[PDB]
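Only one chain is shown below, in structure tokens, and it's the form deposited in one PDB entry.
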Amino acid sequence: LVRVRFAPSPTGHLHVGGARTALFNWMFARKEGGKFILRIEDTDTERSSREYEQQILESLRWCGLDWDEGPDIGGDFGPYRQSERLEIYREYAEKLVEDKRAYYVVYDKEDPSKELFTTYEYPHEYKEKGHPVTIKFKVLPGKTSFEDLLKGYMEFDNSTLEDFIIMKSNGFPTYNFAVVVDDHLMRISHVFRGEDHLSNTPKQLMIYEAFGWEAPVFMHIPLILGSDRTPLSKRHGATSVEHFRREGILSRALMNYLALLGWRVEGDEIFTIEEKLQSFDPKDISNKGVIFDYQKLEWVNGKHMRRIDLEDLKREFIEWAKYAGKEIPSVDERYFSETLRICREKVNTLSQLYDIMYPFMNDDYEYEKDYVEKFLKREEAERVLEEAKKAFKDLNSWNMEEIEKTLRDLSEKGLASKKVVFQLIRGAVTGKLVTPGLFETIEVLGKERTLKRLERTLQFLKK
């Protein structure tokens, strides 16, 4: 009888703040074997959409969040749109009017900012004309409390609160009413949402017992925030899952973070969502707001790029290119595997991984100013690039140890300083001053590609 869901809202895209709350119900529904449902909350006709109401599922899907019921697929307890159900929220909203719980509020047409009176009677002689009309829920005295699964005994004073509209003039449910209705008809066992709703729960409870139903289990976990410590959205830089996927951040690496920022770890903070099911701590999560951190995220991501199998990585890297603009060249899979096995221990993102292996692939790579302005332009940099092609020319064996021999046997030949000899060969074959092990670089780049890049630099030296 376990059925937890996630009620999104079509408004641009989804960020880590929302995804994290989604990841929870996902795992939970899996640890207990319950059903996970997807319910798009688009009751706000003003900010309604479809595009932004689609980019959400794709991302979640990319996050590895599979859902049982949803609008994208089938679903008996549907429809799954807080808009394609204006036939249900109707009769129910009118049933509350019976028990004197909901009264038709008649508004003034002359001014869209004036109220007339209160009445349970149906204002046919007003709505038919033009006078906007809604439906409010009368709040009676008392204390509407509940047992939060994280906050505990949450007691509230209905007195401090009052009649709140539950039906927009355009015959559209607001939210507190839309939730209660779909949180019962869809038979939801547990409701695990953010924390900004912890204040709305009371308003909802009064609706449950109103219809004579039985509210489910409510729990409100911390909220991922930004720098100013405000509820994460988009104004906090770029915390949209869509963004990360662009920058080249793995999925398993990001997931391992959301379940690390707020939700703790029973050992090594580095892991995956799989090996964390049976060891899921529904309550042992977080209790306070958690600021998002790119640095910790990128750090965690970079590591996953080293633990996972070599094959696993390349696959994801391939898919990334298709997502982003510029694509990958055409090279030997075994050669690509090597260069991809040498540059993976330097970059912490797929973007940085591509912008570093480019020289290993394409040969029309440029030369960063640093290299030229610092070492290359040095009058005593050409003579060093001379023996660089000579010694190597003779080298019958082209491996690390061997290539390692030549290099060191140069910096100590009066030719030039230690680093000077290394940075010249480096940028000569990579075009950058920051690349993988020079012993690996010169190695993986075979013997031919090397000599060419040595010549190239030479011919260019002449400004």
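Think of the rigid core as the biggest set of C-alphas that the two forms share within 1.5 Å after superposition. In case it trips you up, residue 1 is the first one in the sequence shown, and so on.
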query	finding
Higher-B stretch (mean Cα B-factor, as the entry records it), 100-108 or 378-386	100-108
Mean C-alpha temperature factor, higher of 191-199 and 115-123	115-123
Residue of maximum C-alpha B factor among 323, 244, 177, 153, per deposited coordinates	323
Candidate residues 418, 39, 432, 30, the one whose C-alpha B factor the record puts highest	418
Cα B factor band for residue 184 (lowest, middle or highest third within the chain)	highest
Record-listed C-alpha B factor of residue 70: chain third	middle
Where the record places residue 329 (Cα B-factor, split into thirds across the chain)	middle
Cα B factor band for residue 257 (lowest, middle or highest third within the chain)	lowest
CA B-factor placement of residue 428, once the chain's modelled residues are sorted into thirds	lowest
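Quick note: we don't show the form deposited in another entry, though the next part is all about it.
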| query | finding |
| --- | --- |
| Conformational change between the shown form and the other one, one of 275, 228, 214, 311, C-alpha moving 2 Å or more after core fit | 228 |
| Post core alignment: residue 113 C-alpha displaced by 2 Å or more between the shown form and the other one | yes |
| Yes/no, residue 59 Cα shift of 2 Å or more between the shown form and the other one with rigid core fixed | no |
| Post core alignment: residue 127 C-alpha displaced by 2 Å or more between the shown form and the other one | yes |
